[PDB]
Protein chains: 2
Amino acid sequence: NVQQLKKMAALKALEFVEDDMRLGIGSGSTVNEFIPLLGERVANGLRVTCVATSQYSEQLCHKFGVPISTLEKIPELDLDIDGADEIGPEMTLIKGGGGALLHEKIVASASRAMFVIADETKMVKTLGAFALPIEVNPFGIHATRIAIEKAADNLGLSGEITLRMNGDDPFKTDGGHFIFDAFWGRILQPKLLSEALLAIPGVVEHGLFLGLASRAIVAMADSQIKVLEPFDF
Amino acid sequence: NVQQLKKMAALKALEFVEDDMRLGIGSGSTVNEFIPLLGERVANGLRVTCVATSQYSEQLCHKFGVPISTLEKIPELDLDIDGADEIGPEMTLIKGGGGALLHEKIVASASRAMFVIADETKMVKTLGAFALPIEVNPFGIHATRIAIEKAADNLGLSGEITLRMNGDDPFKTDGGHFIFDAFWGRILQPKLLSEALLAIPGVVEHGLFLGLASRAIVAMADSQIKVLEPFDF
Ligand SMILES: O=C(CO)C(O)[C@H](O)COP(=O)(O)O
Ligand SMILES: O=C(CO)C(O)[C@H](O)COP(=O)(O)O
Ligand SMILES: [Cl-]
Ligand SMILES: [K+]
Ligand SMILES: [K+]
């Protein structure tokens with residue numbers, strides 16, 4: 001069902017991939033359907049060099065013969081292909097549910113275009129039902145927590161703020177950080193929330209991608225695969 | 001002679017330290033004059049608990065019997081005592097010459113008041129002669145260098161952006177990050193530049209402390225010690 005929708009979305013996004021392209025490769029279950037398809041194309045002659053955004057995306061790339069490089073070697077990419085936890089107005093996204101948002105966000109900024117692949121449930125009228133992830137420094141995290149609570153209060157946001165755990169330890173990102181998930185339910189002013197969060201010293205990054213996504217490739221329940229632009233949101 | 005001025009600033013700031021305060025302890029050569037003095041007061045029965053902002057400041061704290069705790073234990077501090085590479089209009093700071101900007105800014109943020117201690121030379125009419133430090137993520141650092149170069153162009157800034165070295169190994173901060181020093185020479189729009197840099201995914205933080213300092217204690221070559229407020233800048 002959704003796995004079907006994800007694969008459909010992935011197949012269609014794959015049509016925009018051309019020879020000698022440098023690609024950003026995102027993370028999550030939808031991108032995991034895209035990587036092997038890409039590898040099948042590479043085994044049939046397609047030339048690409050990819051930058052992965054997580055260890056599991058990188059693993060899959062190696063496994064399926066997708067050539068892998070780094071942003072040190074290729075600082076500017078042609079196209080980024082990634083998923084999203086949510087796609088809202090102007091194709092603002094929430095990402096980071098799998099914990100890879102930092103590398104994902106850096107890779108998206110380094111790309112001439114970012115295409116989002118998704119099944120229709122990711123499309124929302126308003127952002128926020130999916131808890132916003134917020135990458136934070138371990139040092140002074142308690143004070144960073146208080147600062148995010150107070151910023152939430154000022155902006156009229158309500159909901160638990162939870163430290164993401166891996167069993168008994170905090171979950172630690174690739175960049176060596178921790179993550180807070182903020183269950184704010186509705187984010188009406190994402191540009192203001194993003195500015196307020198980034199200004200907090202202990203906040204490394206957050207999962208609101210604003211004006212980064214250029215196309216959303218969304219597979220619908222009725223089998224339509226729509227190629228959408230930010231004006232469609 | 002400037003060492004004298006540093007001590008004079010430190011002695012004066014020490015007078016605002018009262019029994020049972022929770023103190024932030026900054027870093028730098030000026031703060032290195034303050035810690036032993038504080039230690040000498042502790043020997044005499046003054047009671048304080050300090051959060052240090054660098055390894056060297058913590059080392060000096062232990063060496064002089066200044067008690068040490070964490071933001072985890074004490075999330076909100078009464079008073080932060082720190083130096084500054086520059087003190088400009090509205091008491092905006094540039095900090096991070098010694099490499100400790102992130103922990104310094106988290107601590108500053110977590111305090112009720114922040115006191116800057118400085119010799120006369122740090123007061124500037126316009127910020128920017130001192131290279132602005134920018135803490136960045138190692139992942140995608142090349143891409144981040146480019147995005148900073150682009151943000152600079154948009155704000156009309158020019159100059160070399162060099163990576164902080166410690167040997168022929170990039171200097172790694174306590175947060176596990178690298179630092180770019182931006183030799184822009186002049187920064188007339190510090191708030192816009194702050195907003196811009198923080199929006200760049202790989203930028204963890206930077207050395208512009210805006211509306212964080214509440215008093216500057218500045219020792220002048222004529223022996224005056226001025227206790228100054230942001231209204232005085
Ligand atoms: O990288 C991600 C999280 O770090 C995502 O792409 C996001 O979580 C969406 O994943 P999915 O494709 O499983 O919906
Ligand atoms: O921690 C600092 C740099 O990280 C500072 O306090 C700033 O660099 C001022 O240094 P100094 O007092 O040595 O002139
Ligand atoms: Cl092909
Ligand atoms: K920040
Ligand atoms: K950032």
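Both ligands and their constituent atoms are indexed starting at 1 by order of listing. As a basis for the values below, the full set of heavy atoms in this structure was taken, side chains included, without hydrogen atoms, waters or symmetry mates. Letters go in sequence order (proteins before strands), and every chain restarts at 1.
- Taking every non-hydrogen atom of B:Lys122 and a distance limit under 4.0 Å, the qualifying atoms of ligand 2 come out as 11 (P), 12 (O), 14 (O).
- For the K ion (ligand 5), the N/O/S atoms of B:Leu198 include one lying under 3.4 Å.
- When distances to the K ion (ligand 5) are checked against a cut-off of 3.4 Å, B:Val203 contributes an N, O or S atom below that limit.
- In terms of polar-atom proximity, defined here as any N/O pair under 3.5 Å, B:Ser27 does make such a contact with ligand 2.
- The main-chain N or O of A:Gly128 is found under 3.5 Å from a side-chain atom of A:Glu86 such that the two form a donor-acceptor pair.
- Residues B:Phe178 and B:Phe171 keep their aromatic ring centres 6.0 Å or farther apart.
- A donor-acceptor pair shorter than 3.5 Å can be found between the side chains of B:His206 and B:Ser194.
- Applying the side-chain contact (heavy atoms from CB on, under 4.5 Å) test between B:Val116 and each of B:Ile87, B:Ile81, B:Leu228, B:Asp82 identifies B:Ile87 as the sole match.
- B:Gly96 counts as a contact of ligand 2, since one of its heavy atoms falls under 4.0 Å from the ligand.
- If you check the side chains of B:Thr49 and B:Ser69, you find no donor sitting under 3.5 Å from an acceptor.
- Residue B:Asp82 approaches ligand 2 through these ligand atoms, each under 4.0 Å from one of its heavy atoms: 6 (O).
- Protein heavy atom closest to atom 12 (O) of ligand 2, with residue, atom name and distance, is B:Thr30 OG1, 2.8 Å.
- Checking only distances, B:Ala100 does come within under 3.5 Å of ligand 2, N or O to N or O.
- The contact set between ligand 2 and B:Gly99, taken as ligand atoms under 4.0 Å from a residue heavy atom, comprises 4 (O).
- Salt bridge A:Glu33/A:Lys6: absent, no basic N to carboxylate O contact under 4.0 Å.
- Shown here is B:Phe64, whose CZ atom has more than 12 heavy atoms of other residues, nucleotides or ligands within 6.0 Å.
- Here A:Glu149 does not pair with A:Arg145 in a salt bridge; the nearest charged N to carboxylate O distance is not below 4.0 Å.
- Taking a cut-off of under 4.0 Å to the non-hydrogen atoms of B:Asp85, the atoms of ligand 2 that pass are 7 (C), 8 (O), 9 (C), 10 (O).
- A:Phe115 and A:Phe16 have perpendicular rings, their planes meeting at more than 60° on a 0 to 90° scale where under 30° would count as parallel.
- One option in B:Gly83, B:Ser29, B:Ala84 has a heavy atom closer to atom 11 (P) of ligand 2 than any other, and that option is B:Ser29.
- At the shortest separation from atom 2 (C) of ligand 2 among protein heavy atoms lies B:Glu104 OE2, 3.1 Å.
- A:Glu205 has its closest N, O or S atom to the K ion (ligand 5) at the position named OE2.
- Close contacts of ligand 2 with B:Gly98, meaning ligand atoms under 4.0 Å from a residue heavy atom, involve 3 (C), 4 (O), 8 (O).
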